[PDB]
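Below is one structure, written out as structure tokens, with a few remarks after it.
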Amino acid sequence: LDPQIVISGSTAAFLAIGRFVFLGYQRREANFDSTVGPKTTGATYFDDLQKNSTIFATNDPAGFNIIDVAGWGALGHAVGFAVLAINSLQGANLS
Amino acid sequence: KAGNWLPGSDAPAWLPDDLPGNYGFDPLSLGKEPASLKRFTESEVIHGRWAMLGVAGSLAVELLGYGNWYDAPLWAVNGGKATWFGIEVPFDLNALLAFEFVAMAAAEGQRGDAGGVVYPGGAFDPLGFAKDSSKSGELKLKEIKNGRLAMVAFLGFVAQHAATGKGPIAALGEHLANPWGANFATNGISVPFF
Amino acid sequence: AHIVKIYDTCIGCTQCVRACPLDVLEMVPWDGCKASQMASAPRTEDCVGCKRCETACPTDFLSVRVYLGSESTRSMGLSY
Amino acid sequence: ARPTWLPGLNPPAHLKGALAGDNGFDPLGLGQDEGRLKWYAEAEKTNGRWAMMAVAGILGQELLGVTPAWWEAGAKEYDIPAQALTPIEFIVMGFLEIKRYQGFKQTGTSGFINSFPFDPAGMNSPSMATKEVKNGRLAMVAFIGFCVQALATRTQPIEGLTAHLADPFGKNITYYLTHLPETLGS
Amino acid sequence: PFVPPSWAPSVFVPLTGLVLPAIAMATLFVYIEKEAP
Amino acid sequence: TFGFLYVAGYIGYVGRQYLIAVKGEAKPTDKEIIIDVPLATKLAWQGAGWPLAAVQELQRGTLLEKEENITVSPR
Amino acid sequence: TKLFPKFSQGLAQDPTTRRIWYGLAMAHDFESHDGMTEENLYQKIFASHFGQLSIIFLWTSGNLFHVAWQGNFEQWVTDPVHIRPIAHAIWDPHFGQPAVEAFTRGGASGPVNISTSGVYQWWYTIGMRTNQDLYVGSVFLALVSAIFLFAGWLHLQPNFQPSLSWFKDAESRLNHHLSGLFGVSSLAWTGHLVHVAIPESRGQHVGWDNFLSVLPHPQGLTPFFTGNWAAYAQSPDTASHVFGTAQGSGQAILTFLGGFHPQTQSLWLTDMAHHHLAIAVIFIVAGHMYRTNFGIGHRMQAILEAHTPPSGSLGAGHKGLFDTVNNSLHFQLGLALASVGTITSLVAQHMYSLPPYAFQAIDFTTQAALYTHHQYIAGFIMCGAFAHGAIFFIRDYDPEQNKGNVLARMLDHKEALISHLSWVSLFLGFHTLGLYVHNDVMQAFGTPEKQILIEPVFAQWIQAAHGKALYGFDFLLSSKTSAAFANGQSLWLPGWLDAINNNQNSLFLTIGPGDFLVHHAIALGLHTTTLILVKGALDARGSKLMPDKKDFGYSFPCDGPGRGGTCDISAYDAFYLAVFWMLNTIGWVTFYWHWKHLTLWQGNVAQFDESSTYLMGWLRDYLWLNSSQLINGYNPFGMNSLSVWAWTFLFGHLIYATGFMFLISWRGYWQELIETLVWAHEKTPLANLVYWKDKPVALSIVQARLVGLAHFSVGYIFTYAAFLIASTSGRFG
Ligand code: CLA
Ligand code: CLA
Ligand code: CLA
Ligand code: CLA
Ligand code: CLA
Ligand SMILES: CC1=C(/C=C/C(C)=C/C=C/C(C)=C/C=C/C=C(C)/C=C/C=C(C)/C=C/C2=C(C)CCCC2(C)C)C(C)(C)CCC1
Ligand SMILES: CC1=C(/C=C/C(C)=C/C=C/C(C)=C/C=C/C=C(C)/C=C/C=C(C)/C=C/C2=C(C)CCCC2(C)C)C(C)(C)CCC1
Ligand SMILES: CCCCCCCCCCCCO[C@H]1O[C@H](CO)[C@@H](O[C@H]2O[C@H](CO)[C@@H](O)[C@H](O)[C@H]2O)[C@H](O)[C@H]1O
């Protein structure tokens, strides 16, 4: 199989559904983590290491920041190589 | 109440009377919690609707002479090409999974966000059969009764094939040939001591 | 030194005081029981932890309790 | 509203913009203790300063026809035996670095030997401080590029650039990562 | 470079089995007996 | 397997019947060291139908004590 | 007052010898120290863990150094089949000349010990070939030990001490440990196997000097980046390959052969490479599950709060458990020991049947020692897992914050739990002991055909499902028409089925009635040991005989002779009694493993099949028969190399018997005896000039139980270790 089509194709699908299908659902479940509350309430260096010091703002209308791009892109790459690797096993000698 | 599953019994309290297809059948009291029953009510309809499509599809394939429901995906294994009504299809297995996963995710994801809708209507009822909303009681009862019947039938397809290995239509023909000598009591599988 | 505590279920039978082999306990006036007396532990520095007092208490559960603690010449019962 | 590494991203609070080259880039929030950020800021420059000299040295050695490649320099034998080089380096570097640290603790700035800051020529200003960091960061990225390009391509920095210029689409990371047997089999 | 001398056991076995234990026991005995100021 | 269980249930059921019988007496403890042989023989013969009697007690709910009538330690 | 111990003023004020003993025994119970705070508790533990890590890497360094310095690794690698590995040299001035000659062997300069830890096979498998390879590893690990020790010091300093909240960031630690500690380490280990270990097994040297110019595979990373991952599985090592040489070798670096290397009788290196690559991907992925500073992932508190069954069957469910686990170190330690303790057993089970190191199977002494070693360590860790679960209930459990959740409800029906464990233990003991005694009487009366031999049909049915065709079940992998057989017939079944149906290896040994009885005895051991430990935990907070046991702590002597007597009533004493049953259980396991393997290694498996069904066979044909060489290590005519194990064998019996003294005779007798010794010293002229500073007293009630249990355990271990090694090594080695 052509790696460029399969890997890019799978990544596009996983980015497309993530942006257009599961974005609303994913955000709602992320608020279920708000009900519990913040991890720590302190002002020491080690307490600062547990806070969202940097907020990744995005200009995308739906709020599809880079962290979401990395998450959904990784799944597409993972699925893409699974498809390629399995298809490679066809026509393998002594393997 | 659509009937009584066990004549002379008392209907469970937690099963509302107007619920379509309510025969009072809940031996294990799985629907006792109102929140759980609400989910079960939706799942039964969705399971039945898929079963109705599946049983109709499984019978249709063999009636028209295109094989049985079990052999349909063998082309993707042996190396042949897909066929629909005898018309060759240009896709392969890995391609098919792509369209289905994306297509079904969009539809099911859209349905999921509706928060438990089971009778949408509107664009899903173009002919307006249930637009009345008052006479829909019978149609909802007819849908669930055919849905439950289809779910039982499909389990028969899977169970029967695992025992005899023949298709649903072939099995029916074999029963009619020798009703007393060809049935579940003659598999050699269903009843070990027969 | 061990810790000895008297709880408000005491009926003032005096059996704990009689049982104690080191005169650690004593009876004092009280108004919380028919006997109008309660056990007291003013000299716990001499307690050895034998728990003869607990053996003698009739109430259920016990009204006198001994919690073995830091050791010393007196609490370890040494004559050398 | 200074430029930030990500469009439309307000910089985190612990980054005030006072430091030179402060683009608000700290996704992991490593620098939030004022006692560590000051140490890291000094640590950023010194790594960059060594990188800047190293990149110039590798490029200079290649441009002047020095052989062998920069990653084989140690194997070559020089006037001084390799055993004698290390003790000399350890004593000299230990002295320079120890006094480098002592001055930093007292003054909090960077200098050389006994002078802190070490600016004999009097060139020093916020612009010069900014230019040092940006050129330093570029050298740090550049040096890692040399190391990895030596691993994959096994060609010296300028040599690799010429090959890319001669055949841009034919020669690139795509070609080398799929032709390791050919390049390493030579 | 790594290989120790052939006489190493002769020195280290008595050293770690008879000498260091003696100093260790003396150190510990004095330490436990030491009284607080 | 079913041969042993019938005898094992027989022995256990007979003993349980006797123990319940003497709990009603004025001094149950003296009826345990000194066996009431006439009663024991009566219960010994009636135990042959223990599986029938055992099941009927289970369905009528008199086989088990109530959780509120059983002493337990602090927790 | 005395300085020692500095962490407890109560001990320092004690004028008796109890101060010395108790100061040692409470050193590491940081929660009980004077002035301890929660934040200081975590920082001390963090520092202590650096110390443990440094010891582990220093201990490993010492093993590498001594094998290289005094071992025969370079000679052993040439002919591993017919050379005994050397552990270290002996310099004992007490030796006589016959002893010096006796222990000289293996072509060594002088007396040496034979290694039994299997480090030779392990190191040889992973690519080590010369003494300099071991020397560099030894120096590297000594350096790593130093670094961890420095880190322990560093993070105790004023600006580097983590805060309390840092130690309680559960989501971040799990993400790192799963992806980095587990995933990346396994990915790195795959790199070693692909780049170093596998080439060394094919006769090609790869070291730090040339590994950058050597291609692990003829096609370098083109298959990887192009998705054609199957190219890495082509041309594997053939069945004729000679390990360590290029004859018969292949080119694949990732395979799924699924069997044993025909020569080394161990797992293929290309399978162990693909194994570690596979789990590395899973672990790296699994480490992106929890919340951090980036706005994605789960929060473990949310997961626990959700999982409450809607029917109320589990009450409140898992509500409140996050704080219960996140705030108690004894709860966390109990889960760590329980998980690690089970995995230690799994290591022992799988290493003897799927030997991963080349030439490990033929070294019978090594295999016996490795299995016994890890099973006894697993047994101790399991007892500790329950001990700290009992400590959690007394110290950290808060009834109000766990109201109605799963943990609280366990205490609600503790009598039901204990009653049913009691029934299972009684049932297994009655019928397991009864059948053995029945078979013994039949053998005594000369009617071996009257004994009760029950075929392990359920276990033999499992072996059929895995492909063992001896029993004729023709089930799943044992049937050539099943889908399970067909699908795997091209990946790993040909190798797996070949190995499982080879009856000369330990992969799913054939089992019979002898194995039925022993397995049910093992179940009795597990259930009874659990009963003792589980009772000690559920009754830790109180009972009818002592409603307020929690107010006294985890470990106290007793509540006195009142209320009938309360000896051994604390939760500490339940653990103390459970250690005996753990040793008894692990003893039955290791006797069973050893005897079934000795008969296999001699080829006469029929002896175990016939003699293992009654208890006289064990005493006669296993303990008595195999002691003949051990007890002849030294005799009135001379001595041989086994005289050390003969001496250690009696050494174990003595420590074991000495433990009986601390367990049978209790304190009151000894305290009164010591009082006449105090009188005698003071009245003796020329001796009363000298005097003591700590008033002599008898050991405490609790101390003697530990001291007696320590002697019991040590004598237990040393007796069987000497017998296990001597019987196995002399027979074949
Ligand atoms: C800014 C420095 C720089 C420049 C000008 C070049 C230029 C070149 N590189 Mg080099 N390279 C660099 C950095 C650089 N490289 C780095 C950092 C690495 C390590 C990943 C490499 C690794 C590398 C390889 C393996 C190869 C080249 C090759 C090439 C040539 C073809 C272009 C190519 O394939 O690039 C595409 C691939 C790259 C890796 C280049 C990336 C360059 C960007 C600008 C780096 C940005 C870094 C970023 C700011 C870091 C953020 C970190 C984050 C955590 C915040 C060309 C002469 C090829 C060649 O023909 O060499 C002779 C070749 O085979 N480069
Ligand atoms: C690793 C520990 C260790 C070591 C190295 C030794 C060493 C020795 N033991 Mg053993 N021993 C040990 C532990 C040890 N033992 C233990 C734990 C016990 C109790 C179970 C015993 C019980 C024991 C007994 C009962 C006997 C020995 C004896 C010996 C000697 C046997 C060889 C011989 O013929 O010596 C011959 C010895 C000499 C020629 C003299 C050697 C040097 C002497 C002892 C000391 C010289 C000191 C020096 C003049 C001044 C101080 C120097 C210093 C500051 C550096 C030898 C000195 C035998 C012996 O002869 O003891 C004296 C003996 O009878 N040992
Ligand atoms: C990637 C980052 C990273 C890494 C590598 C580590 C690594 C470690 N951390 Mg962690 N830690 C991290 C991030 C990380 N941490 C973060 C972000 C935090 C803050 C939230 C912490 C907070 C933290 C604390 C508070 C502590 C640690 C500790 C540890 C150590 C645990 C003990 C150990 O060595 O287990 C090694 C374990 C394995 C290699 C795996 C064991 C399980 C496998 C399945 C066993 C079998 C494998 C294989 C078959 C065995 C082969 C054996 C061979 C003989 C053949 C370990 C070195 C503890 C410690 O010791 O500190 C000094 C400790 O107290 N960490
Ligand atoms: C990593 C696991 C781990 C950790 C961190 C701890 C930590 C702790 N445990 Mg736990 N424990 C563990 C494993 C662990 N345990 C295991 C595996 C077991 C089962 C055996 C137990 C059983 C256990 C009990 C029963 C108790 C603890 C207690 C404690 C605490 C005090 C320890 C102390 O003071 O020791 C001091 C150490 C000693 C007195 C000596 C220990 C060595 C023993 C006696 C064996 C020595 C054998 C000897 C070396 C052989 C010589 C042979 C000869 C031939 C030379 C401490 C918090 C105690 C506590 O206070 O809990 C609240 C407590 O009551 N633990
Ligand atoms: C060989 C020694 C031995 C034996 C046989 C037992 C047996 C038993 N122990 Mg004990 N135990 C031992 C050593 C032993 N222990 C030691 C050394 C310790 C360390 C202190 C403990 C600590 C210990 C604890 C802490 C516990 C047990 C428990 C048990 C029971 C486990 C279940 C069982 O097997 O039921 C079957 C019963 C038996 C095998 C007992 C023997 C039955 C004989 C053969 C009956 C013979 C009857 C016959 C008619 C002859 C009578 C003659 C007579 C009238 C003259 C059982 C009663 C557990 C328990 O009580 O669970 C309920 C429990 O909690 N043991
Ligand atoms: C702007 C814009 C746009 C566009 C966009 C785009 C074009 C994007 C892209 C994106 C992308 C394109 C992304 C990507 C990502 C990726 C990633 C994130 C990856 C990852 C990976 C990984 C993680 C891997 C892993 C691995 C390895 C390494 C080995 C083997 C195995 C595995 C596979 C697992 C649009 C028009 C739409 C709209 C408007 C605006
Ligand atoms: C008391 C206490 C405690 C402790 C506890 C413990 C110590 C426990 C243990 C436990 C244990 C120790 C457990 C174990 C378990 C296990 C299991 C549960 C297993 C399972 C398995 C499975 C399920 C498998 C399956 C399979 C098979 C069989 C074959 C094929 C493959 C598969 C996978 C499918 C704590 C701390 C909590 C605290 C509180 C209290
Ligand atoms: C061969 C056939 C295989 C079929 C496999 C099917 C796999 C299904 C995976 C579902 C993954 C989760 O996706 C699904 O989560 C929720 C339902 O659970 C839905 O989301 C909704 O669910 C909640 C519970 O009903 C609702 O209260 C909320 O409105 C919302 O959170 C998502 O919109 C849907 O996409």
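Naming works like this for the structure tokens: A, B, ... for the chains as they're shown, residue 1 at the start of each chain, ligands 1 onward in shown order.
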Query raised in the report: Counting only C-alpha atoms and all ligand atoms, what residues are within 10 Å of ligand 5, given as an NGL selection string?
Result: :G and (418-434 or 437 or 521 or 524-525 or 527-533 or 535-536 or 573-581 or 584 or 663)
Report task. Give me the residues within 10 Å of residue D:71 as number ranges by chain, counting only C-alpha atoms and dropping any in the same chain fewer than 4 places off. Result -> D: 58, 75, 146-147, 150-151, 154, 156
Query raised in the report: Counting only C-alpha atoms and all ligand atoms, which protein, DNA or RNA residues come within 6 Å of ligand 2, given as JSON, numbers by chain?
Result: {"E": [13, 14, 17, 18], "G": [93, 94]}
Report task. Grab the atom CA of residue C:70 to atom CA of residue G:11 distance for me, in Å with one decimal place. Result ->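 Here the two named atoms are 7.1 Å from each other.
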Requested in this report: Considering only C-alpha atoms, return as a ChimeraX atom specification whatever protein or nucleic-acid residues lie within 8 Å of residue E:3, sequence-local ones (same chain, fewer than 2 positions apart) excluded.
Outcome: /E:1,5 /G:69
Report task. Counting only C-alpha atoms and all ligand atoms, name the residues that have an atom within 10 Å of an atom of ligand 8; the answer should be given as a PyMOL selection string. Result -> (chain A and resi 21-29) or (chain B and resi 39+101+104-116)
Query - Close residues, residue D:5 itself excluded, 12 Å, only C-alpha atoms, min 5 positions apart in chain, as a PyMOL selection string - result: (chain A and resi 54+56-57) or (chain D and resi 10-12+21-27)
Requested in this report: Could you give me, as a list in words, every polymer residue with an atom at most 7 Å away from an atom of ligand 4, counting only C-alpha atoms and all ligand atoms?
Outcome: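 Selection of residues at most 7 Å from ligand 4: residues 24, 25, 26, 27, 28, 29, 30, 333, 337, 380, 381, 383, 384, 385, 387, 388, 391, 554, 555, 572, 575, 706, 710 and 714 of chain G.
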Requested in this report: Fewer than 5 positions away in the same chain doesn't count, so skip those; otherwise give me all residues within 9 Å of residue F:6, counting only C-alpha atoms, as a list in words.
Outcome: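 Contacts, in chain order: residues 1, 11, 48, 50 and 51 of chain F.
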Go ahead and dump the residues you just picked, N, CA, C and O atoms, as a PDB file, in the first residue's frame.
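Result went into out-v8.pdb, see below:
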```pdb
ATOM      1  N   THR F   1     -21.095 -38.938  45.520  1.00  0.00           N
ATOM      2  CA  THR F   1     -21.210 -37.551  45.956  1.00  0.00           C
ATOM      3  C   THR F   1     -22.565 -37.295  46.597  1.00  0.00           C
ATOM      4  O   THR F   1     -22.652 -36.716  47.684  1.00  0.00           O
ATOM      5  N   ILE F  11     -27.208 -36.053  59.327  1.00  0.00           N
ATOM      6  CA  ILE F  11     -26.594 -35.856  60.636  1.00  0.00           C
ATOM      7  C   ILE F  11     -26.740 -34.406  61.073  1.00  0.00           C
ATOM      8  O   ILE F  11     -27.118 -34.118  62.214  1.00  0.00           O
ATOM      9  N   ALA F  48     -34.900 -38.700  58.045  1.00  0.00           N
ATOM     10  CA  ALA F  48     -34.791 -39.338  56.738  1.00  0.00           C
ATOM     11  C   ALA F  48     -35.345 -38.450  55.635  1.00  0.00           C
ATOM     12  O   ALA F  48     -34.940 -38.579  54.475  1.00  0.00           O
ATOM     13  N   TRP F  50     -35.028 -35.133  55.567  1.00  0.00           N
ATOM     14  CA  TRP F  50     -34.440 -33.811  55.758  1.00  0.00           C
ATOM     15  C   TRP F  50     -34.407 -32.983  54.479  1.00  0.00           C
ATOM     16  O   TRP F  50     -34.664 -31.770  54.564  1.00  0.00           O
ATOM     17  N   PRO F  51     -34.095 -33.529  53.298  1.00  0.00           N
ATOM     18  CA  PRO F  51     -34.031 -32.655  52.116  1.00  0.00           C
ATOM     19  C   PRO F  51     -35.350 -31.972  51.823  1.00  0.00           C
ATOM     20  O   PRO F  51     -35.367 -30.813  51.395  1.00  0.00           O
TER      21      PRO F  51
END
```
Query raised in the report: Out of D:149, D:129, D:184, D:169, which residue has the shortest atom-to-atom distance to ligand 1 when counting only C-alpha atoms and all ligand atoms?
Result: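 Nearest to ligand 1: D:149.
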Requested in this report: Please provide the set of residues having any atom within 12 Å of stretch 607-611 of chain G, restricted to only C-alpha atoms, with same-chain residues fewer than 3 positions apart removed, written as a ChimeraX atom specification.
Outcome: /G:436,439-440,443,448-449,451,453,455,510-518,591-604,614-622
Query raised in the report: Out of chain F, which residues get helix (DSSP H, G or I) from DSSP, as a VMD selection string?
Result: chain F and resid 2 to 23 30 to 33 37 to 60 67 to 69
**Report entry** Minimum-distance residue to chain A, chosen among B:14, B:99, B:40, B:23 (using only C-alpha atoms)
**Finding:**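 Closest candidate: B:99.
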Query raised in the report: Could you write out as a list in words the residues of chain G within 6 Å of chain C, counting only C-alpha atoms?
Result: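 In the required form, that comes to residues 10, 14 and 562 of chain G.
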